[PDB]
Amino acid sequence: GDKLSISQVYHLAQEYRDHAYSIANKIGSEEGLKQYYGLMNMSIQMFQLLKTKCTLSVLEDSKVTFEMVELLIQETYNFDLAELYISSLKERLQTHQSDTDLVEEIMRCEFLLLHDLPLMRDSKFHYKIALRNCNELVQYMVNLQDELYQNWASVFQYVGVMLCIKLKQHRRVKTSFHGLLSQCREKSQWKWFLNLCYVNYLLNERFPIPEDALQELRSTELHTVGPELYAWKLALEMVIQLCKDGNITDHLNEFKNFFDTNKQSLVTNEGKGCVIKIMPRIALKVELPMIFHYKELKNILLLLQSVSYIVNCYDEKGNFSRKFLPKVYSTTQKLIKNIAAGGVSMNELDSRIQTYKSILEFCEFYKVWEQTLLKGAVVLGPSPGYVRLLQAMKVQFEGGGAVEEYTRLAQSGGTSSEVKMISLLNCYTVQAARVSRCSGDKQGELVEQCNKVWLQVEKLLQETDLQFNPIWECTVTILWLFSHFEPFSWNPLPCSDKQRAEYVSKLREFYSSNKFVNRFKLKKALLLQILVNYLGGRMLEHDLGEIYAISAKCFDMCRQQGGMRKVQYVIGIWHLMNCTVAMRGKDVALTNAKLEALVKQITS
């Protein structure tokens, strides 16, 4: 029969695989896809040839099985088959474990069984099996006083956490992270890595970040953790500022200094990933190509910076976004076009391209969003609910109310809480506006809805980090006061004297910090800045000179963005009074004229 040496078959299996990796970035048609998988097929079959037609030692069997199964996991849907090979390997290793050093191999079998296979499966049923068995494994290993098994137990505690995340067991995740982190050596690369996983998970869910995790993040040392993981730290610190609408100047400068001194490290290390040596013979490789590669990282940072400036809109900060989102877009297009091997699966490159495409979708989305802010009209879907949010806002802009649109969006299960809450707040604003202008007949159906929608806002806000976002906290205060006090509404909702003082006290904090001449500081969101000063000027200011100066500023500020004419008109009524009281003839004339001009535009 036709024969080859055992090493020749092994090297052929490797050659077929490594050659597929070498052309993995060159698949542009069905033909190329057939050839790519034709190679992988041969590689797998050659590996199978070794396992079925040869007598392999435990180490040989381990190596061959791992390389083969690696392909089953990354190239195929044959997960059950992969699992059978690893399970078989595991049982064989256990038979020789007494007289042969095989711990490394056994632990890798468990990693494939509990981490790699379940994640690729992405099945809830198998996630539960994995989590159950993983906890069983950890329990068994912590009972071994040996340092090797103690460290391995830590790795699989981390696997368990990742399984909890996929199962969306958020209370268990937090509990597991804390228990996991508490057992790690302090100021170690391993602990700081896990803490980064923790913070990122919390940000993904917009959960409040505990103080200790925050301090742990800030204490992360570059020279202990390496330039790759530190870039991730810096990125996360940027996202934190973005989520709280904080200032990013300091955080930008940190990235700047980081790049100046560690650019070369990222470029020379590009592709090789990040290796965390937990112990001798316990090394974890971490890959985050968007963050670990220099070009990809700057591209992400430029996106985050631009998103942070969207709300600014009309000023120099806004102009930055309009200028550099196109750059992010074009850069991303080139990253897709010039994607390289290797030697990684075509399917790895495929997932990276999919993420690149999402970035393109973010660029378009925020382009539309910034224009909507600027013009007061709507003319992507990178995240759930974004498309129908823009559609709902379009209806509201057209005086359609869009209650049903917002309500349905706030009720869908796939949408983030942030989108749900934007929908609920706009919905509350509409309903509160209707309570004000509608007759006493429909007042009954409108106030309950206000109270209903409001409790929903409070509930979601209380379980997100938005409660610590001053823009969001101020919006809540403003909307409550507008809906509970004359002359901001014709029919204010009922409230206790304690509630009034509560919200009036919140207003005082935001207004004293953001008055037209400290984390009460609001970004220069035009509409927000005007409403807070309007509300503060009406409720908190007594001096005529101060009231006039504020009303004048509010009045004039409205011109900076479209869609502000009805707001400006109401502000105009207020300013006219202040002119009338102050007996300022010239200012009465100009203000009346401006009101007349606004009426003509509005009633078109």
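Residue numbers run from 1 along the displayed sequence.
Novice: Are residue 283 and residue 284 truly consecutive in the deposited sequence, or are residues between them missing coordinates? Give the number as none, 1 to 3, 4 to 9, or 10 or more.
Specialist: Nothing is missing.
Novice: Note how many residues of the deposited chain are left out of the model between residue 517 and residue 518; the options are none, 1 to 3, 4 to 9, and 10 or more.
Specialist: In the deposited sequence, 4 to 9 residues between these two have no coordinates.
Novice: Of the two stretches 574 to 582 and 541 to 549, which shows the higher Cα B-factor on average in the entry?
Specialist: Stretch with the higher mean C-alpha B-factor: 541 to 549.
Novice: Which is higher in the entry, the mean Cα B factor of 313 to 321 or that of 158 to 166?
Specialist: Mean C-alpha B-factor is greater for 313 to 321.
Novice: By the entry's C-alpha temperature factors, tell me which of 351, 305, 512, 220 sits highest.
Specialist: That would be 512.
Novice: Out of 151, 499, 188, 347, which one has a C-alpha B factor higher than all the others in the entry?
Specialist: Highest CA B-factor of the listed options: 499.
Novice: Report the third (lowest, middle or highest) to which the CA temperature factor of residue 338 belongs, ranking only the modelled residues of the same chain.
Specialist: It falls in the middle third of the chain.
Novice: Quick check on the deposited entry: does the C-alpha B-factor of residue 35 sit in the lowest, middle or highest third of its chain?
Specialist: Tercile = middle for this residue's CA B-factor.
Novice: In terms of the CA temperature factor given in the entry, to which third of its chain does residue 250 belong: lowest, middle or highest?
Specialist: Highest third of the chain for residue 250's C-alpha B-factor.
Novice: Splitting the chain's C-alpha B-factors into thirds, which one does residue 374 fall into?
Specialist: Ranked within chain, residue 374 CA B lands in the middle tercile.
Novice: If you rank every modelled residue in this chain by C-alpha B factor, which third holds residue 53: lowest, middle or highest?
Specialist: Residue 53: CA B-factor falls in the highest third of its chain.
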